[PDB]
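J.: First the structure, which I've put down as structure tokens, then a few questions once you've had a look.
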Amino acid sequence: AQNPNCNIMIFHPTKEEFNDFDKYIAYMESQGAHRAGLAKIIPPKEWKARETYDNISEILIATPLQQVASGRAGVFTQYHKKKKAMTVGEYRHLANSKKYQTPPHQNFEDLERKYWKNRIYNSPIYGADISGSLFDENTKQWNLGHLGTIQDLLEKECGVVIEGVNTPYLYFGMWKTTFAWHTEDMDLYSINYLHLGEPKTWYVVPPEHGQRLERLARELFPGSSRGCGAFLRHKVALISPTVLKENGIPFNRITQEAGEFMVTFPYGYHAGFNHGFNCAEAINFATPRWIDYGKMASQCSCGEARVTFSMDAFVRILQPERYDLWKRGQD
Ligand SMILES: O=C(O)CNC(=O)C(=O)O
Ligand SMILES: [Mg+2]
Ligand code: NI
Ligand SMILES: [Zn+2]
């Protein structure tokens with residue numbers, strides 16, 4: 001069995017190996033990469049996502065989200081308070097202001113220590129979940145707006161044609177902006193490209209151990225757990241590395257830098273934070289190996305998780321017993 005300790009693997013494809021996206025995912029899996037839940041892919045030196053980032057300031061962040069925490073430093077939830085619209089140039093200036101800018105630090109480990117010590121005492125503003133792409137149309141390799149769609153994969157594997165579309169999302173971050181512990185919708189893969197700016201630190205639980213994280217979360221967030229049998233689908237709970245280690249939960253960590261891709265694998269729980277002003281692009285995708293995870297994915301039916309149009313068909317076809325209850329949650 002490849003990668004039996006479930007370590008995060010880092011790949012360096014050549015320009016020739018970068019042509020065929022599906023083939024390279026399957027290669028990484030042949031080497032055991034999925035067992036970690038997360039892999040890093042450094043593009044060949046010949047590749048670029050676009051020519052420059054000099055002209056992005058007029059993108060609009062229609063609903064910036066202020067991330068307000070509650071709890072203790074290592075065990076907390078966050079809620080998202082909606083703020084007035086601002087442009088990417090306005091948000092970058094805000095991120096760089098004395099109130100929001102990254103503090104002085106020695107290295108990534110010192111900054112990580114400061115994040116976990118101090119996150120809860122501040123409310124950073126995240127420009128998350130913005131439909132769109134920064135890949136040039138002429139970039140043919142690993143262009144997250146040109147991937148094979150999840151609806152086409154379901155149709156190729158299972159024969160059933162379904163409605164829905166699959167497009168990328170932009171994330172504009174600042175110091176301390178946070179992504180809570182989650183797996184993807186329907187335990188899909190995700191791919192994330194960090195276009196510019198400061199790093200993103202990731203934490204991940206191997207898929208084979210995801211239920212250990214769920215049991216810890218039910219203990220640490222006991223009211224939330226009574227409210228919903230899949231409350232991590234709400235994407236609000238944070239648990240620090242120190243707390244995970246104290247409770248014996250297997251995990252790994254890695255920092256992504258500008259110019260690098262990360263792939264999350266089906267049922268790989270992940271969480272993390274941004275180091276300073278940045279911009280990432282991400283999208284969900286599927287492969288044949290996903291289908292079995294989709295069939296078994298938990299679902300929130302309490303009403304909180306509220307998701308895209310295109311998840312309807314995935315539930316309806318892969319989980320017909322759950323469909324009626326889940327759809328009530330959506331309505
Ligand atoms: O970058 C973020 O805020 C969150 N990203 C992801 O969870 C992902 O790419 O799967
Ligand atoms: Mg612009
Ligand atoms: Ni994710
Ligand atoms: Zn719920």
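Residue names in the structure tokens use chain letters A, B, ... in the order shown, residue numbers from 1 in each chain, and ligand numbers from 1 in the order shown.
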Could you list the protein, DNA and RNA residues that have any atom within 12 Å of ligand 4, counting only C-alpha atoms and all ligand atoms, and write them as a PDB file with N, CA, C and O atoms, in the first residue's frame?

T.:
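Everything below was put into pocket06.pdb:
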```pdb
ATOM      1  N   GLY A 223     -23.931  21.356  21.640  1.00  0.00           N
ATOM      2  CA  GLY A 223     -25.218  21.968  21.176  1.00  0.00           C
ATOM      3  C   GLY A 223     -25.403  21.860  19.657  1.00  0.00           C
ATOM      4  O   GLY A 223     -26.464  21.511  19.122  1.00  0.00           O
ATOM      5  N   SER A 224     -24.320  22.103  18.978  1.00  0.00           N
ATOM      6  CA  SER A 224     -24.362  22.063  17.462  1.00  0.00           C
ATOM      7  C   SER A 224     -24.668  20.632  17.038  1.00  0.00           C
ATOM      8  O   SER A 224     -25.441  20.373  16.092  1.00  0.00           O
ATOM      9  N   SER A 225     -24.065  19.684  17.681  1.00  0.00           N
ATOM     10  CA  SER A 225     -24.222  18.290  17.363  1.00  0.00           C
ATOM     11  C   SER A 225     -25.670  17.823  17.564  1.00  0.00           C
ATOM     12  O   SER A 225     -26.196  17.086  16.743  1.00  0.00           O
ATOM     13  N   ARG A 226     -26.311  18.288  18.656  1.00  0.00           N
ATOM     14  CA  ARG A 226     -27.740  17.973  18.860  1.00  0.00           C
ATOM     15  C   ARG A 226     -28.622  18.614  17.798  1.00  0.00           C
ATOM     16  O   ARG A 226     -29.633  18.030  17.430  1.00  0.00           O
ATOM     17  N   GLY A 227     -28.249  19.769  17.327  1.00  0.00           N
ATOM     18  CA  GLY A 227     -29.014  20.468  16.270  1.00  0.00           C
ATOM     19  C   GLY A 227     -28.987  19.805  14.909  1.00  0.00           C
ATOM     20  O   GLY A 227     -29.910  20.003  14.094  1.00  0.00           O
ATOM     21  N   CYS A 228     -27.888  19.054  14.611  1.00  0.00           N
ATOM     22  CA  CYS A 228     -27.666  18.541  13.252  1.00  0.00           C
ATOM     23  C   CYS A 228     -26.687  17.397  13.275  1.00  0.00           C
ATOM     24  O   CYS A 228     -25.551  17.575  13.763  1.00  0.00           O
ATOM     25  N   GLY A 229     -27.032  16.288  12.603  1.00  0.00           N
ATOM     26  CA  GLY A 229     -26.197  15.102  12.597  1.00  0.00           C
ATOM     27  C   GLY A 229     -25.006  15.240  11.641  1.00  0.00           C
ATOM     28  O   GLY A 229     -24.200  14.315  11.588  1.00  0.00           O
ATOM     29  N   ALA A 230     -24.954  16.344  10.898  1.00  0.00           N
ATOM     30  CA  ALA A 230     -23.785  16.649  10.016  1.00  0.00           C
ATOM     31  C   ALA A 230     -23.381  18.112  10.077  1.00  0.00           C
ATOM     32  O   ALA A 230     -23.195  18.781   9.118  1.00  0.00           O
ATOM     33  N   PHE A 231     -23.280  18.666  11.330  1.00  0.00           N
ATOM     34  CA  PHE A 231     -23.058  20.049  11.463  1.00  0.00           C
ATOM     35  C   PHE A 231     -21.717  20.647  10.948  1.00  0.00           C
ATOM     36  O   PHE A 231     -21.652  21.827  10.714  1.00  0.00           O
ATOM     37  N   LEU A 232     -20.753  19.729  10.714  1.00  0.00           N
ATOM     38  CA  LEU A 232     -19.537  20.289  10.041  1.00  0.00           C
ATOM     39  C   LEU A 232     -19.794  20.776   8.581  1.00  0.00           C
ATOM     40  O   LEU A 232     -19.067  21.714   8.176  1.00  0.00           O
ATOM     41  N   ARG A 233     -20.908  20.314   8.012  1.00  0.00           N
ATOM     42  CA  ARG A 233     -21.388  20.866   6.713  1.00  0.00           C
ATOM     43  C   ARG A 233     -21.734  22.345   6.831  1.00  0.00           C
ATOM     44  O   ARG A 233     -21.781  23.078   5.822  1.00  0.00           O
ATOM     45  N   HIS A 234     -21.939  22.902   8.048  1.00  0.00           N
ATOM     46  CA  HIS A 234     -22.196  24.339   8.204  1.00  0.00           C
ATOM     47  C   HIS A 234     -20.982  25.223   8.007  1.00  0.00           C
ATOM     48  O   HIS A 234     -21.085  26.393   7.864  1.00  0.00           O
ATOM     49  N   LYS A 235     -19.768  24.586   8.081  1.00  0.00           N
ATOM     50  CA  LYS A 235     -18.543  25.236   7.862  1.00  0.00           C
ATOM     51  C   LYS A 235     -18.299  26.426   8.779  1.00  0.00           C
ATOM     52  O   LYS A 235     -17.966  27.527   8.395  1.00  0.00           O
ATOM     53  N   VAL A 236     -18.414  26.162  10.086  1.00  0.00           N
ATOM     54  CA  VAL A 236     -18.249  27.154  11.165  1.00  0.00           C
ATOM     55  C   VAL A 236     -17.313  26.728  12.266  1.00  0.00           C
ATOM     56  O   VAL A 236     -17.001  27.628  13.083  1.00  0.00           O
ATOM     57  N   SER A 298     -22.390  12.206   3.972  1.00  0.00           N
ATOM     58  CA  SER A 298     -23.384  12.757   4.873  1.00  0.00           C
ATOM     59  C   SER A 298     -24.047  13.941   4.293  1.00  0.00           C
ATOM     60  O   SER A 298     -23.574  14.665   3.367  1.00  0.00           O
ATOM     61  N   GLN A 299     -25.201  14.193   4.890  1.00  0.00           N
ATOM     62  CA  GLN A 299     -25.847  15.371   4.518  1.00  0.00           C
ATOM     63  C   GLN A 299     -26.482  16.160   5.717  1.00  0.00           C
ATOM     64  O   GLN A 299     -26.870  15.518   6.728  1.00  0.00           O
ATOM     65  N   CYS A 300     -26.428  17.474   5.606  1.00  0.00           N
ATOM     66  CA  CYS A 300     -27.140  18.419   6.533  1.00  0.00           C
ATOM     67  C   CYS A 300     -28.599  18.487   5.922  1.00  0.00           C
ATOM     68  O   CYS A 300     -28.778  18.983   4.785  1.00  0.00           O
ATOM     69  N   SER A 301     -29.548  18.207   6.723  1.00  0.00           N
ATOM     70  CA  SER A 301     -30.962  18.498   6.375  1.00  0.00           C
ATOM     71  C   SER A 301     -31.655  19.494   7.346  1.00  0.00           C
ATOM     72  O   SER A 301     -32.897  19.658   7.197  1.00  0.00           O
ATOM     73  N   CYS A 302     -30.876  20.137   8.316  1.00  0.00           N
ATOM     74  CA  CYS A 302     -31.440  21.027   9.336  1.00  0.00           C
ATOM     75  C   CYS A 302     -31.759  22.334   8.741  1.00  0.00           C
ATOM     76  O   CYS A 302     -32.404  23.132   9.431  1.00  0.00           O
ATOM     77  N   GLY A 303     -31.272  22.690   7.557  1.00  0.00           N
ATOM     78  CA  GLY A 303     -31.549  23.954   6.968  1.00  0.00           C
ATOM     79  C   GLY A 303     -30.379  24.860   6.950  1.00  0.00           C
ATOM     80  O   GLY A 303     -30.386  25.842   6.211  1.00  0.00           O
ATOM     81  N   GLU A 304     -29.341  24.554   7.737  1.00  0.00           N
ATOM     82  CA  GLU A 304     -28.254  25.542   7.842  1.00  0.00           C
ATOM     83  C   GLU A 304     -27.400  25.523   6.614  1.00  0.00           C
ATOM     84  O   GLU A 304     -27.106  26.611   6.096  1.00  0.00           O
ATOM     85  N   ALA A 305     -27.027  24.328   6.094  1.00  0.00           N
ATOM     86  CA  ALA A 305     -25.893  24.280   5.106  1.00  0.00           C
ATOM     87  C   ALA A 305     -26.191  24.948   3.748  1.00  0.00           C
ATOM     88  O   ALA A 305     -25.300  25.525   3.139  1.00  0.00           O
ATOM     89  N   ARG A 306     -27.442  24.964   3.340  1.00  0.00           N
ATOM     90  CA  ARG A 306     -27.888  25.660   2.093  1.00  0.00           C
ATOM     91  C   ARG A 306     -26.782  25.827   0.999  1.00  0.00           C
ATOM     92  O   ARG A 306     -25.792  26.615   1.150  1.00  0.00           O
ATOM     93  N   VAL A 307     -26.954  25.054  -0.074  1.00  0.00           N
ATOM     94  CA  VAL A 307     -25.943  24.915  -1.139  1.00  0.00           C
ATOM     95  C   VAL A 307     -26.503  25.171  -2.562  1.00  0.00           C
ATOM     96  O   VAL A 307     -27.688  25.472  -2.764  1.00  0.00           O
ATOM     97  N   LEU A 325     -35.900  14.171   2.480  1.00  0.00           N
ATOM     98  CA  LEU A 325     -35.466  14.946   3.681  1.00  0.00           C
ATOM     99  C   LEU A 325     -34.464  16.064   3.382  1.00  0.00           C
ATOM    100  O   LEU A 325     -34.567  17.174   3.926  1.00  0.00           O
ATOM    101  N   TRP A 326     -33.473  15.835   2.523  1.00  0.00           N
ATOM    102  CA  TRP A 326     -32.463  16.816   2.240  1.00  0.00           C
ATOM    103  C   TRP A 326     -33.139  18.023   1.559  1.00  0.00           C
ATOM    104  O   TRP A 326     -32.766  19.202   1.856  1.00  0.00           O
ATOM    105  N   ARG A 328     -36.280  19.143   1.719  1.00  0.00           N
ATOM    106  CA  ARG A 328     -36.945  19.902   2.802  1.00  0.00           C
ATOM    107  C   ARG A 328     -35.972  20.887   3.510  1.00  0.00           C
ATOM    108  O   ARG A 328     -36.308  22.067   3.753  1.00  0.00           O
ATOM    109  N   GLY A 329     -34.754  20.421   3.796  1.00  0.00           N
ATOM    110  CA  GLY A 329     -33.706  21.289   4.356  1.00  0.00           C
ATOM    111  C   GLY A 329     -33.352  22.456   3.445  1.00  0.00           C
ATOM    112  O   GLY A 329     -33.164  23.565   3.927  1.00  0.00           O
ATOM    113  N   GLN A 330     -33.256  22.199   2.137  1.00  0.00           N
ATOM    114  CA  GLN A 330     -33.057  23.242   1.142  1.00  0.00           C
ATOM    115  C   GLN A 330     -34.254  24.208   0.957  1.00  0.00           C
ATOM    116  O   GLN A 330     -34.068  25.282   0.398  1.00  0.00           O
TER     117      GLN A 330
END
```

J.: For residue 167 (chain A), list every protein, DNA or RNA residue within 8 Å, evaluated using only C-alpha atoms, and leave out those in the same chain fewer than 4 positions away; present the list as an MDAnalysis selection string.

T.: chainID A and resid 131:132 145 283

J.: Produce a file of the selected residues containing N, CA and C atoms, as a compact mmCIF listing (two decimals), in the first residue's frame.

T.:
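As a result, result-v2.txt now contains:
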```
# COMPACT_ATOMS: atom_id res chain seq x y z
N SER A 131 -18.07 34.11 -7.84
CA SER A 131 -18.05 33.37 -9.07
C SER A 131 -17.16 34.11 -10.06
N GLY A 132 -16.19 33.42 -10.68
CA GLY A 132 -15.35 33.98 -11.66
C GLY A 132 -13.99 33.25 -11.77
N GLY A 145 -11.09 26.98 -15.03
CA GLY A 145 -12.37 27.26 -15.74
C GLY A 145 -12.61 26.34 -16.91
N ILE A 283 -12.30 25.15 -7.40
CA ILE A 283 -13.47 24.51 -7.98
C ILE A 283 -13.51 23.08 -7.50
```

J.: Fewer than 5 positions away in the same chain doesn't count, so skip those; otherwise give me all residues within 10 Å of residue 195 (chain A), counting only C-alpha atoms, as JSON, numbers by chain.

T.: {"A": [48, 49, 50, 53, 134, 135, 170, 171, 257, 258, 259, 260, 261, 278, 279, 280, 281]}

J.: Compile the contact shell of region 183-189 of chain A as number ranges by chain: residues with an atom at most 7 Å away, counting only C-alpha atoms, same-chain residues fewer than 6 positions apart removed.

T.: A: 264-270, 284-286, 290, 293-294, 297

J.: As a list in words, which residues of region 126-164 of chain A does DSSP assign to strand (DSSP E)?

T.: residues 126, 127, 128, 129, 130 and 131 of chain A

J.: Take the residues from that selection and put them in a file with C-alpha atoms, as a CSV table (one decimal), in the first residue's frame.

T.:
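The result, stored in selection-v2.csv:
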```
chain,number,residue,atom,x,y,z
A,126,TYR,CA,-12.9,37.6,3.8
A,127,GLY,CA,-13.9,38.2,0.1
A,128,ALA,CA,-14.9,34.5,-0.3
A,129,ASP,CA,-17.0,32.7,-2.7
A,130,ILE,CA,-17.0,35.1,-5.8
A,131,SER,CA,-18.1,33.4,-9.1
```

J.: Would you compute the distance between atom 1 (Mg, counted along the ligand's line) of ligand 2 and CA of residue 168 (chain A)? Give it in Å to one decimal.

T.: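 The value is 17.3 Å.
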
J.: Could you list, as a count of residues only, all the residues within 6 Å of ligand 1, counting only C-alpha atoms and all ligand atoms?

T.: 5

J.: Please provide the set of residues having any atom within 9 Å of residue 33 (chain A), restricted to only C-alpha atoms, with same-chain residues fewer than 5 positions apart removed, written as a list in words.

T.: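 Listing them by chain and then by number gives residues 2, 3, 6, 7, 8, 9, 10, 27, 28, 38, 39 and 265 of chain A.
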
J.: Point out the residue among A:331, A:137, A:54, A:110 with the least atom-to-atom distance to ligand 2, counting only C-alpha atoms and all ligand atoms.

T.: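 For ligand 2, the nearest of the given residues is A:54.
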
J.: Counting only C-alpha atoms and all ligand atoms, which of A:17, A:181, A:214, A:243 gets nearest to ligand 3?

T.: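 Distance minimum relative to ligand 3 lands on A:181.
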
J.: So that I can check the secondary structure, give me every residue of region 39-241 of chain A assigned helix (DSSP H, G or I) by backbone DSSP, as a PyMOL selection string.

T.: chain A and resi 88-95+108-121+150-158+185-187+207-220+222-227+231-234+241

J.: Separation of CA of residue 207 (chain A) and CA of residue 180 (chain A), in Å?

T.: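 So the two atoms, CA of residue 207 (chain A) and CA of residue 180 (chain A), lie 16.7 Å apart.
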
J.: Using only C-alpha atoms, which protein or nucleic acid residues come within 12 Å of region 82-89 of chain A? Drop anything in the same chain fewer than 2 positions from it, and give the result as number ranges by chain.

T.: A: 53-68, 79-80, 91-96, 124-128, 130, 170-174, 277-279

J.: Quick one, how far is CA of residue 248 (chain A) from CA of residue 206 (chain A)?

T.: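 That distance, rounded to one decimal, is 13.2 Å.
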
J.: Ranking A:210, A:241, A:4, A:148 by minimum distance to residue 166 (chain A) and counting only C-alpha atoms, which one comes first?

T.: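 Checking each of A:210, A:241, A:4, A:148 against residue 166 (chain A), counting only C-alpha atoms, the winner is A:148.
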
J.: Which neighbours of region 238-240 of chain A fall inside 6 Å, counting only C-alpha atoms, when residues of the same chain fewer than 2 positions from it are skipped, and could you give them as a list in words?

T.: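 Once the adjacent positions are removed, what remains is residues 74, 75, 76, 77, 180, 242 and 243 of chain A.
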
J.: Keeping only C-alpha atoms, write those residues as a short mmCIF file (atom, residue, chain, number, x, y, z; two decimals), in the first residue's frame.

T.:
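Saved file again21.cif follows:
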```
data_model
loop_
_atom_site.label_atom_id
_atom_site.label_comp_id
_atom_site.auth_asym_id
_atom_site.auth_seq_id
_atom_site.Cartn_x
_atom_site.Cartn_y
_atom_site.Cartn_z
CA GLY A 74 -8.21 26.46 20.27
CA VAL A 75 -11.91 25.58 20.03
CA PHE A 76 -14.19 28.18 18.46
CA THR A 77 -16.92 28.83 15.95
CA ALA A 180 -13.43 26.07 9.02
CA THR A 242 -2.73 21.53 19.75
CA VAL A 243 -6.24 20.35 20.57
#
```

J.: Per residue of region 145-169 of chain A within 8 Å of region 309-317 of chain A, note the shortest atom pair and the distance in Å to one decimal, counting only C-alpha atoms, and order the rows by chain and increasing residue number, as CSV.

T.:
```
residue,atom,partner,partner_atom,distance
A:162,CA,A:313,CA,6.5
A:163,CA,A:313,CA,7.0
A:164,CA,A:310,CA,4.6
A:165,CA,A:310,CA,6.3
A:166,CA,A:310,CA,7.6
```

J.: Next, write the just-selected residues to a file, as a compact mmCIF listing (two decimals), in the first residue's frame, keeping N, CA, C and O atoms as the atom set.

T.:
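The resulting file, again_13.txt, is shown below:
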```txt
# COMPACT_ATOMS: atom_id res chain seq x y z
N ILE A 162 -27.85 14.75 -16.38
CA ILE A 162 -28.46 15.60 -15.35
C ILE A 162 -28.23 17.13 -15.64
O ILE A 162 -27.28 17.48 -16.34
N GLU A 163 -29.13 17.95 -15.12
CA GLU A 163 -28.98 19.42 -15.14
C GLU A 163 -27.82 19.81 -14.21
O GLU A 163 -27.35 18.99 -13.38
N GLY A 164 -27.41 21.05 -14.36
CA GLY A 164 -26.42 21.69 -13.48
C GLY A 164 -25.16 22.02 -14.20
O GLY A 164 -24.78 21.50 -15.25
N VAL A 165 -24.46 22.99 -13.56
CA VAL A 165 -23.19 23.52 -14.05
C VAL A 165 -22.21 23.58 -12.87
O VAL A 165 -22.57 23.45 -11.75
N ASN A 166 -20.95 23.80 -13.23
CA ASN A 166 -19.75 23.60 -12.32
C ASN A 166 -18.80 24.75 -12.72
O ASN A 166 -18.04 24.48 -13.63
```
